[PDB]
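Student: The structure follows.
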Amino acid sequence: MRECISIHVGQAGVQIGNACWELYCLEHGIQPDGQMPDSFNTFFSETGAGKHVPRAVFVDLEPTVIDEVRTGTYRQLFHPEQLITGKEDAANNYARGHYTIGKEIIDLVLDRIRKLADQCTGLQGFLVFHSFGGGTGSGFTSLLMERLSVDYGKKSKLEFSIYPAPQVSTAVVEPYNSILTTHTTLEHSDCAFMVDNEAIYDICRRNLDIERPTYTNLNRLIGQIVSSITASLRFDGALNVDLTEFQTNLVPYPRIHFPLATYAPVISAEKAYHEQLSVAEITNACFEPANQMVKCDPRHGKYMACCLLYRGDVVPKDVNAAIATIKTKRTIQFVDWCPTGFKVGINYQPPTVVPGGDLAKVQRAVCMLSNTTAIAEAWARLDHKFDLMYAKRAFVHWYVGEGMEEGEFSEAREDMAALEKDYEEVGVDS
Amino acid sequence: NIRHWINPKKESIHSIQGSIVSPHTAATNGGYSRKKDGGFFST
Amino acid sequence: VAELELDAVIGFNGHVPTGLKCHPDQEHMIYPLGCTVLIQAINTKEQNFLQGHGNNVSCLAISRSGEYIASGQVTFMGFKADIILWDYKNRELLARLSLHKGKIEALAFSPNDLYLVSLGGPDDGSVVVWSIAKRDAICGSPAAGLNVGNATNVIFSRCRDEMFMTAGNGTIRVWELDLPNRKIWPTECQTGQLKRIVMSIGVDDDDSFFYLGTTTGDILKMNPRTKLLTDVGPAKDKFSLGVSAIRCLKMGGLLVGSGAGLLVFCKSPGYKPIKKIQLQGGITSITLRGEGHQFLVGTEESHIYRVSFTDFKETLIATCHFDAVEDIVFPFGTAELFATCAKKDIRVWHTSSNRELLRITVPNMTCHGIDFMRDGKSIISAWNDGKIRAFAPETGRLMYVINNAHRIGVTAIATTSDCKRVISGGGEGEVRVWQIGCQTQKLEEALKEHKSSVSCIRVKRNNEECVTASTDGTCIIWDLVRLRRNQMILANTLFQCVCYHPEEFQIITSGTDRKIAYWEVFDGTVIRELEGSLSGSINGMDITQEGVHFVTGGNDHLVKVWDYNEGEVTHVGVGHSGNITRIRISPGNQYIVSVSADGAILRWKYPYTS
Amino acid sequence: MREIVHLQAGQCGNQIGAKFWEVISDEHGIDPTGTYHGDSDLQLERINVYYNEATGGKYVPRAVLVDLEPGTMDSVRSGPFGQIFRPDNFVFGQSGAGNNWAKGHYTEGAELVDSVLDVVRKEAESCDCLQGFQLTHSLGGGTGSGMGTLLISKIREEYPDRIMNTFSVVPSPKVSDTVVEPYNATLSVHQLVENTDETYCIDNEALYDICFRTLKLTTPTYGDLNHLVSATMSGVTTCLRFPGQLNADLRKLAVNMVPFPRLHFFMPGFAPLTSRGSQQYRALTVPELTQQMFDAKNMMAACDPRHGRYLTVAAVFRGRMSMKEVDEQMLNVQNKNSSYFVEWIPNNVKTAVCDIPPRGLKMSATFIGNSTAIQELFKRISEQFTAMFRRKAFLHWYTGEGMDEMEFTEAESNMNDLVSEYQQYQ
Amino acid sequence: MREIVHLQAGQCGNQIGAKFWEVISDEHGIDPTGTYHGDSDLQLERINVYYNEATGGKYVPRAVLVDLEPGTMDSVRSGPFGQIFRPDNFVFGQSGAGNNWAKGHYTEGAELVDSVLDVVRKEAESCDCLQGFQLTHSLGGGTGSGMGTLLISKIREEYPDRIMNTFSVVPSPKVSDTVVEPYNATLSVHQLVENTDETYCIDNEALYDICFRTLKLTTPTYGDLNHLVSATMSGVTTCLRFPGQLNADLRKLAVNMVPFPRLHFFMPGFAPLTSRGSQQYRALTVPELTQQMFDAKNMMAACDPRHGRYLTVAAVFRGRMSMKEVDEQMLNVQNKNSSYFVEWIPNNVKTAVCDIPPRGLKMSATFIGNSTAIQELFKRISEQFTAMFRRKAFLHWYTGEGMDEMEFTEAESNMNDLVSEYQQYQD
Ligand SMILES: Nc1nc2c(ncn2[C@@H]2O[C@H](COP(=O)(O)OP(=O)(O)OP(=O)(O)O)[C@@H](O)[C@H]2O)c(=O)[nH]1
Ligand SMILES: Nc1nc2c(ncn2[C@@H]2O[C@H](COP(=O)(O)OP(=O)(O)O)[C@@H](O)[C@H]2O)c(=O)[nH]1
Ligand SMILES: Nc1nc2c(ncn2[C@@H]2O[C@H](COP(=O)(O)OP(=O)(O)O)[C@@H](O)[C@H]2O)c(=O)[nH]1
Ligand SMILES: [Mg+2]
């Protein structure tokens, strides 16, 4: 009865969601045909012919990637109209997804959301998968958030986006499209979770025993975090935390709502037999800087608030002992106005294994959602790129030639300046 | 007289998802790319 | 020791151009098959095979009197290749001609059995002229094709024993041999503005015109008297994929075989199709029998056809796998059928007459391991794309496909006795168990200790344990009930096979180190080691259901029959052209059927009654 | 469904393009008869990009073959791949240009474009969603530089909101085969910098250079010299027809590649180049292909990349491979060769990976290079004009057809401005 | 893990090196093609030290073939294992060096060094952890001496902290086959002393005297003398490719035998060398080999050890043996030869034992010696240059190409500088 609406836009969000929706089918015993041989109602809709269809929307202006799903393994599971394709891409331009091509198809995208949202008995919030560096993932994310917040006045918004890595970078107009999105998503989004591509390359190497990681390795592992953050709505446990609360106790101020995410234990098949999976060791792996999923150093900054999302065969006694060890450590530092920062959420379902994955069959798991002050180092890195590139007015004629004015370039730097100065004002102890 | 059955999807060798085979034989690497800080990769 | 008898031969190599040729006595037919060459009588179906050649043959040349047989071979870069002389009567090699580096592309015989001509491969691109009488004769090497693309097809004249021509990618040239000076003079023909790529050559009896088969579908005619192009192909309805095989009759006209499979009888000019028929796969060999009332067509999917000229009705003769045969299995309780799997193809045979009955085609992928279910209701097959599949026996319907089973594809697979479990082996080293349900296929446990491929899996009769053979050098017995190993066997050998003794106490393993070793399941120690072969490794090995005799096969093309206690060879059968991979003694101990890496299936008679 | 219009003018453009259709009909499995015969279904999924469906299951390429002389149309039609073209796309005049830019642009070239633009506009409507234009010509002649850049000026007055891919053979000093190359080269780059959005310049000496030491060929004929250009030309849009893990169309490049509106003269390359002797001894790995692309010997233009600073670089991959190693040594090469690239533009390289490598191979890579060393290609043409206009040589063949002398001074003036812009940023 | 890059410069080093790649291909079970055919898995589990793997399970060596004449380059390709190499490593000129030091270093070889270093550095960036280099040449001629020190000088400035393993055949007094031979050696020793970490001295008349007294060979052709040198070639690096009880890397051998920065010329050796007749009359023990280590016949140089003193001695063993017999036998021999070994250094002997012997022989060892008696090899070269330079004989060829008269006195002063350092540490 509890529902969630999933929106995918760009190439990253569709390609991650191909590895996200392969997990929900096997967890509930749903075939790729869409037929089983009430915990599934949060992600699937019952039809009178005994066929279950996902409640997710796939949008990309470029039609190359969605034609893979329509002709691939999952052609009979998705709804034929929930696969919305444009004609031409955005091509690393934010204006080509926000003013010219993002204007023609925005009425068909918002029409299907109203079709899905009417069937839901109780709607909780949105889960949106995209990337900050793309043209569609920055263009068609931005005006959709501008239009969704007008229609649905106060529903919760959770974004799982791909942050640009500090060194490993693919596109060339990356620092322009990163700044122009955060002028929109700062006030039309309530909690934005960040991951990058470099920090999951090495986690795939030191832990999974994989020398050459593809994108199929990354998108499967981000597919496991989303199934762990949702797990309280899906299964019963000792104490449940739902989507309404942990988006209100991780946002202390209206402008500082940018947390991190990590998953543990992340162990291959060979190493897991020898190693003893204990609750004290799993929660100690979460706080190590080498197990962060974003290339940043959490020791330099101080945590504001934290959340724990346990699973499987876990008791709440040794969890409280495990939290007590963390609070007595000296490397982990907290800001003075948050004496109570931890969350506890326990589910009774063990983690599942995918035939074809590279993770081992474990007995428990955990997810951590940490609000830190060490992300301000990451954005100060990228606004350094903006000032040095805009000093010579490079790549500006591709922007003004498709709809925006040049004055938006300066005023979007004013917003990331005021966002940056707010982090030092809150991290200072009183 | 031979009864013949046809797979509807003519798949390609290049569109196979999985782990990428190392250029060297799984028994011995021509160039030793060890795991960082000792060990062996799975193969 | 005694020679092990062979019952029947099935197999054919269709990749070579003009491989099928009929010997002029019109009662025998010779075709290439692997390293050796085989002769089949059409009427009496008696097999005779010729031993020679370093590697796989590539070209064939038959004299008009037929008293000499010549064939080439392929060899690695920088090493010479051998051309072998033969006789049709006593089947003995005369001399070795080992000049061209790399493979030989084509050969031809003079009409009066006086001269032979060759053509070097893409490494050399030379022409060497031979005379049979001295048995080792070199005329001269004029480098064949000059600048621009090389020549591929050489044929010799029909009436006179002097001139020959080479054709190729944009190259056609007419030579002229002078007997006293022993020299050949190049004379490059002029085609006007036409540049084409030829595949086949056919010469009229009167030596007036000889035809060419282009990749553009056009048929080119050129006369060597005038050294000018004479005709051009069809203005419309050109054949698809070019003309891969051409042939001309004695009276006139042409028999044209295209790369798509179209067989057309037509006469210049116009080249309009009078009587049409479509054959399976690309036609690469057209050969007449007698005066041309009846003839044979050899395709590149090894489908040899028998076509009557008077009405154009085709009759399929022989089929095999054009790629290497990977596996063989016999159904429980019978021996009149067996299924052989290879690349892109799965087949079902009839043992008594070697007649195919079913073809299940999954394109562009290779099927490594095949196993049957004990009830006989689903045929389990491993594949290279990582997906285990299962097929129906009669209609070949795909019952279920299991996606993403292994990371580096499924290598070998075995089935349990009560038709409820499936155990697969893959190149990544994982061992996975698959519980079979009426609507679902599940995964229970993943057993990761191996770090190489899994060659073969053998299960017991009580289903309590199974054993896996690996190319690592570690052979492991698994406890299926509790899902953990008991004993490990270590050796300096890349294992290729393993079999259980019927009494179930002893297992034997063989591999690249060529030692057949006896092992104990109690502690994993080795007791007796026997050298099955001294040069080539042993791949296929199987034990009969009584525990008396076991056979071996390998790269040495040797079918040996052994005694379990004595450990000495009692029968030897030498009939293979390629490496052996899998062997299976039939239920009832009636036949020994063997597979080869060159696409041939051989059935031997079982010597003893045990 | 994102269709590309192919234009084919000049004598050099007709030979390369008719062999450019030789490769991309092999990759899609199209016979010289016209029918389709492939082994994979991914090739048939996007077949409308280069080909038009026709009755009988046969496909005809969407290309317009133009030359003022019929001396080469009888050669294209009488080749191995000449029976697939449409009989009505052969638009030809009767008298050749004769290596004059004035005949190709004002007298012969102003009377045939009404027959050329009538078919191009006719073929533009057969496309469902037009994506852009591509053209093959040579700057050193009379028809391709003469009429080809006349067609650039006329289509860009009709379809302004499009993209343009001119694939031009630049004149070379050591492989100079005409005495009027400095005249016909300076008269097209005044039109190319103003009405073309990406110009890939190709040189004749560098293509001979690659055949000598890389592939070890002693007879580099024209029948195989145009293959290397055709290989790179089919790698620019390998994501627009095939799937991949990171797709990139033609506008995906040009946003990343053009910081300033008239800095778009590129340089191409093709990565897996080996000999026949070293075929078996060669390791086909992703780290190996990366070293081959960034070498100075494997550039297809007569410039030394060490003498000028790279601005922005492409790297378009094909074949099954991991994105970590693609992103590893394309992070190192910015750091190791830090003086080569520029300091005010971070991430000078863009990586795009497809899923289908070409036939006869297991991987591929296509290199595209925007560098400031391309000015030395245009410096030698500029100094050839000064010593030739000083004595006013070969001018009566020009002023006897319609031009004055003021175009010659003006074309050198815009030659001086183009080379001036690159040196500021160096 | 630890890697060796091989270089073959000069005519003398090419046929020795082409015999070197034949010995180890037999030990590792590699066919002349490059496909593996071996018996045990210990052959392949360390093959990356000398080889590179190609696609399809083919192995190619890591060697770069260089010579100014292309006549001897085509002699290698027609050899037994000539087809294993790669054709991009084949760099050669067109004009001969004329056995002129100033032609292989200043005039004709000075244009090829751009082409040889771009392929030397190609195999090094593909490497992961480079240990050192291995160059085979000789000090008598003008091709392998003038160009040989040119390659060493240009590779240290790129890779400072490595080790060079040059394998130089030295001039012989009775076996002089060149008239400008004293001029060539003294010009190359000016660089090898300054910038090489290990140099082996191989003398031609020592190789002949072994072939007539120990092996009793009737016809000692050049095909067999290179086989004695190649046996010591493989014995040095056998602790880098095979497991052993007392492992010793190449830089392990650098610290042990080099006390001072200008004393690094070692006399090499081999151990189980016997004739055909005395196979059954000789009994295989480890105390056999120690009495065979210090035979004046068995060293590869014509410097008899009793006209000097020993600084450091090493002996790497191969096969199955215990260790007390290894180390007690190198304690008894120092006590017996007390005056010969130096007094200011105790425990003059470094030992090493491996687990894999060469094929066909149950047990083997390789001997390495550092002595002060090698000054006799260096005094006579300084004497032969002195008499020739007094009348300026054969000089108008060298002085006509760029390098003058005073450079000959510069190397002669450095040559006389070195032979005092052997003497001053002797007493
Ligand atoms: N981790 C991960 N990152 C991805 C994946 N797909 C794309 N990306 C990242 O997305 C970034 C750029 O955004 P894209 O998705 O490629 O471009 P886009 O959002 O589709 O914009 P358009 O191409 O114009 O439609 C690249 O730098 C990639 O790192 C994926 O499957 N997994
Ligand atoms: N590399 C190469 N260059 C060509 C080819 N065809 C022509 N050219 C060059 O084109 C130049 C002459 O241009 P041309 O074709 O006569 O132009 P046109 O007069 O307008 O037709 C010559 O310098 C040739 O080097 C070719 O197939 N390959
Ligand atoms: N061991 C060995 N020594 C050789 C061989 N050929 C020549 N030499 C020695 O090399 C010395 C001359 O060196 P030289 O060939 O002039 O050196 P280069 O200038 O590099 O060619 C002679 O004294 C010979 O003893 C050979 O095949 N084997
Ligand atoms: Mg996109």
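Residue numbers (PDB author numbering), protein chains in the order written: chain WG, 1 to 37, 47 to 439; chain r, 127 to 169; chain e, 11 to 620; chain WF, 1 to 426; chain VF, 1 to 427. The beta-carbon is built from N, C-alpha and C at its ideal position, and this holds for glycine as well.
1. Between which residues of its own chain and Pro-234(e) is the CB-CB distance below 7 Å, once the five residues before and five after are set aside?
2. Determine the chain e residues that contact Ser-138(r) at a beta-carbon separation under 8 Å, and present them in chain order.
3. Which stretch, first to last residue, makes up the alpha helix (DSSP H) that contains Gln-384(WF)?
4. Rounded to whole angstroms, what's the CA-CA distance from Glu-411(WG) to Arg-162(WF)? Just pull it up for me.
5. Among the residues of its own chain, which have a CB less than 7 Å from the CB of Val-76(VF), if the five just before and after it don't count?
6. Mind checking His-37(WF): buried by the 16 CB within 10 Å criterion, or exposed?
7. Which of helix, strand or coil does DSSP assign to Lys-144(e)?
8. Confirm the yes/no value for this check: CB of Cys-12(VF), any heavy atom of ligand 3, distance under 7 Å.
9. Quick one, which residues of the stretch 71 to 98 of chain e are near chain VF if we go by CB-CB under 7 Å, in chain order?
10. Ordered along the chain, which non-local residues of its own chain (more than five positions away) have a Cβ less than 6 Å from that of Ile-16(WF)?
11. According to a CB-to-CB cut-off of less than 7 Å, which residues of the stretch 281 to 303 of chain WF neighbour chain VF?
12. Check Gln-292(VF) in the structure and name its three-state DSSP category.
13. Given that a residue counts as buried once 16 or more other Cβ atoms are within 10 Å of its Cβ, and exposed if not, what is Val-324(WG)?
14. Less than 8 Å between CB atoms is the rule here; does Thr-55(VF) satisfy it with respect to chain WF?
15. Taking the beta carbon of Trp-195(e) as the centre, do at least 16 other beta carbons fall within 10 Å, making it buried, or is it exposed?
16. Determine whether the beta carbon atoms of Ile-276(WG) and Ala-369(WG) lie at a separation below 8 Å.
17. Report buried or exposed for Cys-129(VF), applying the criterion of at least 16 other Cβ atoms within 10 angstroms of its Cβ.
18. Confirm, please, whether the CB-CB distance from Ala-63(VF) to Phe-92(VF) is below 8 Å.
19. Assign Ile-284(e) to one of two classes, buried (16 or more other C-beta atoms within 10 Å of its C-beta) or exposed (fewer than that).
20. So what's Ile-284(e) in DSSP terms, helix, strand or just coil?
21. Ignoring anything shorter than 4 residues, give me the alpha helix (DSSP H) runs that lie fully in the stretch 353 to 409 of chain WG, in order along the chain.
22. Whose C-alpha, out of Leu-112(WF), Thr-290(WF) and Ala-283(WF), is nearest the C-alpha of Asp-88(VF)?
23. If you draw a straight line from the C-alpha of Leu-68(WF) to the C-alpha of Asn-184(WF), how long is it?
24. Measure from the alpha carbon of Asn-374(e) to the alpha carbon of each residue in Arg-365(e), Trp-393(e) and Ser-362(e), then state which is nearest.
25. Would the stretch 293 to 308 of chain e count as touching the stretch 30 to 38 of chain e if we require 3 or more Cβ pairs under 8 Å?
Tutor: Quick answer:
1. Your numbering for residue 234(e) matches position 224 in the third sequence. Result list for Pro-234(e): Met-173, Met-175 and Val-184, in chain order.
2. The count along the second sequence starts at 1 and reaches residue 138(r) at position 12. Within chain e, the residues near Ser-138(r) are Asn-374.
3. Translated into the one-based positions of the fourth sequence, residue 384(WF) becomes position 384. Taken as a continuous stretch (DSSP letters only), the alpha helix (DSSP H) holding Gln-384(WF) covers 375 to 389.
4. Against the first sequence, residue 411(WG) aligns to sequence position 402. Against the fourth sequence, residue 162(WF) aligns to sequence position 162. Roughly 13 Å between the two C-alpha positions.
5. As a first step, residue 76(VF) must be located in the fifth sequence, where it is residue number 76. Excluding sequence neighbours, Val-76(VF) sits near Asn-14, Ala-18, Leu-65 and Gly-82.
6. In the fourth sequence, residue 37(WF) corresponds to position 37, counting from 1. With fewer than 16 other Cβ atoms within 10 Å, it is exposed.
7. As a position in the third sequence, residue 144(e) is number 134, starting the count at 1. Coil.
8. On the fifth sequence, position 12 is the one that residue 12(VF) refers to. Within the cutoff, so yes.
9. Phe-86 and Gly-88
10. The sequence position of residue 16(WF) within the fourth sequence is 16, counting from 1. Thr-136, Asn-226 and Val-229, listed in sequence order.
11. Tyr-281, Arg-282, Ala-283 and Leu-284
12. If you number the fifth sequence from 1, residue 292(VF) lands on position 292. Note: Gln-292(VF) maps to helix in three-state DSSP.
13. Taking the first sequence and counting its residues from 1, the one referred to as residue 324(WG) is at position 315. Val-324(WG) should be labelled exposed.
14. By 1-based counting over the fifth sequence, the position of residue 55(VF) is 55. Taking Cβ atoms only, chain WF reaches closer than 8 Å to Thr-55(VF), which makes this a yes.
15. For the purposes of this step, residue 195(e) is taken as residue 185 along the third sequence, with counting starting at 1. Exposed, because fewer than 16 other Cβ atoms sit within 10 Å of the Cβ of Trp-195(e).
16. Here the question's residue 276(WG) lines up with position 267 in the first sequence. Here the question's residue 369(WG) lines up with position 360 in the first sequence. A contact, by the Cβ cut-off of 8 Å.
17. As a position in the fifth sequence, residue 129(VF) is number 129, starting the count at 1. Looking at its Cβ environment, which holds fewer than 16 other Cβ atoms inside 10 Å, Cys-129(VF) is exposed.
18. Taking the fifth sequence and counting its residues from 1, the one referred to as residue 92(VF) is at position 92. Taking the fifth sequence and counting its residues from 1, the one referred to as residue 63(VF) is at position 63. Cβ atoms of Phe-92(VF) and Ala-63(VF): not closer than 8 Å.
19. Within the third sequence, the letter at position 274 stands for residue 284(e). Looking at its Cβ environment, which holds fewer than 16 other Cβ atoms inside 10 Å, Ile-284(e) is exposed.
20. Position 274 of the third sequence, counted from the start, is the residue given in the question as residue 284(e). In this structure, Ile-284(e) counts as coil in the three-state DSSP scheme.
21. 384 to 399 and 406 to 409
22. As a working note, residue 88(VF) is residue 88 in the fifth sequence. With distances taken between Cα atoms, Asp-88(VF) lies closest to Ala-283(WF).
23. What you label residue 68(WF) is simply residue 68 of the fourth sequence in a count that begins at 1. What you label residue 184(WF) is simply residue 184 of the fourth sequence in a count that begins at 1. Going by the C-alpha atoms only, they are around 17 Å apart.
24. Reading the third sequence from its first residue, position 364 is the one you call residue 374(e). Closest option to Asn-374(e), Cα to Cα, is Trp-393(e).
25. yes
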